[PDB]
């Protein structure tokens, strides 16, 4: 079956703290192979050998040299090309790209896993024609990737798309009222979007205004059932998210927004944003298309592979 070749083949590696996932994709961006191997715990020479080994395995299997893209929970330092990460400790501070290239014998592209998610959504059949795609993960945190013409915009410091680490716009702060909580952020700042618009934030906001720790799922369940406190919280949160989106869209004006992560599963978001965002936009501007992510489960490997699509 593998001899039914396209001219080019794209390999994607999603490197996680416990497993490395590989995927091969043809020119139509169809997936033609899948494999997972353990991430070598604290053995960098073995990490390099494992990745190089997969490239060699599939190159022989397809009788061709696939393009190599890799995503990880981290990023490259823009000035010295070493990896910044905590979940793949063996790679921390290492010139991962240069080491792989020397071992494998050809170019490798590396990118943050959330940027890979965004790129994966942007290459879905329905979004391929969108000039810009903003892919955001609302779960553990908030933020993502800015895709232009099917290519990730990394930024001068490889941090473009870190919308989670801008402070709340003033209108969002006023919306929270007299009892608004100033939430700390793990980046070192106070009041970051990451601490309010994430799944974790949704829960902290409920706990702060009602002195009770409920899990997102249960709060959504209570709202659906008709609990008054849950409804008040959902109303508060929906307008907050709309305000923050309005500010973001005024500066970045994306064509389509794709939402991933645990909270992206809360369907009311898709009904509510189109009704609330326009208020916070310039009079001449319309709310972009905001949709639930379609390829979240394999977004890391897909996006990593797609880093090499010739633009």
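Numbering follows the first chain given and starts at 1.
- Note on 240-248 vs 265-273: mean CA B-factor is higher in 265-273.
- With 256-264 and 35-43 compared on mean CA B-factor from the PDB entry, the stretch scoring higher is 35-43.
- When the Cα B-factors of 110, 136, 172, 225 are read from the PDB record, 225 comes out highest.
- Which of 121, 203, 162, 77 has the largest Cα B-factor in the deposited entry comes down to 203.
- The deposited CA B-factor of residue 132 belongs to the lowest third of values across its chain.
- In the deposited entry, the Cα temperature factor of residue 189 places it in the middle third of its chain's modelled residues.
- In this PDB entry, the Cα temperature factor of residue 297 sits in the top third of its chain's modelled residues, the highest group.
- Remark: residue 155 belongs to the lowest third of its chain, ranked by C-alpha B-factor as recorded.
- For residue 220, the recorded CA B-factor ranks within the highest third of the chain. Only modelled residues enter the ranking.
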